[PDB]
């Protein structure tokens, strides 16, 4: 009954049993929400998407491996066509292109445009400044953007001071005066049933995609290596580690969630925002503690999910050798109680049970 245009994330084709990053996680969950309310979903996607049993109307723009320029123009063109035919209550994006932002405006859909973000602002990154440049554009065009945590909204009040040699085309005048996010959090997880906290084994898990820069997955997989039989890492084949770090490749999300139920801890080495991977809240919802690498006096999402999280504090100056030794030490010496698993799972069950989550989405989709 609700008519929604859906513009997906574009790193990987959609698969309901794969979440290969924080953007893919909100992408999946807002879609699950739209399906659960019986929305009429026009999904402008890729030929290798799969939707299971879900009723979505699919408008594929080609087979997805790397998102190409021709795909980009085919997508924007279909935005304009679909808007000329149907009337849309909302259009949903997940950090869209400049083209997609313009097509939404030209189609007269800016004011019903809902945008969801996970990528921290990185001034040395050309594609990331392009992401956040278009977030300013969305705000100018009358659309609304949503963050997962209040820490992310705080970082946003710092990002509008971060400049580089690549940020010349960014309207910092507008950005300083306009916090880009709405006050409402989008739910990072939807708990359809109260999780049953299982007691821990000795197994500690790394479930983040491999990149040395933002996630510091090398640091994670050093701890995984030092754990031997008591450590396992999961990576997607599109962001796989070098051969020195053996990991399970392309495990279905469900397989990873099953293993996690009895994990002793989750390794998280994303030290700026912790929202470029959803695994922290997945772990904490099962009572699994997170061993969290963090820059000193930074806000980080993990500490919102579990304020008693063990933190390994470092600086930007701290050299790689010392980081690996501080983090390995925290992983190998980690200690947790069953009571602590239950306490941290309860606090998250309060916030993210399905009744509270649906209420959170309902407020967004008005």
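Numbering follows the first chain given and starts at 1.
When 66-74 is weighed against 25-33, 66-74 comes out higher, by mean CA B-factor as recorded in the entry. Between the stretches 292-300 and 90-98, it is 292-300 that shows the larger average CA temperature factor. Annotation for residue 272: C-alpha temperature factor in the highest third relative to the rest of the modelled chain, per the entry.
When the CA B factors of the chain's modelled residues are split into thirds, the value for residue 115 lands in the lowest one. In this PDB entry, the Cα temperature factor of residue 199 sits in the middle third of its chain's modelled residues.
For residue 166, the recorded CA B-factor ranks within the highest third of the chain. Only modelled residues enter the ranking. In the deposited entry, the Cα temperature factor of residue 192 sits in the middle third of values across the chain's modelled residues.
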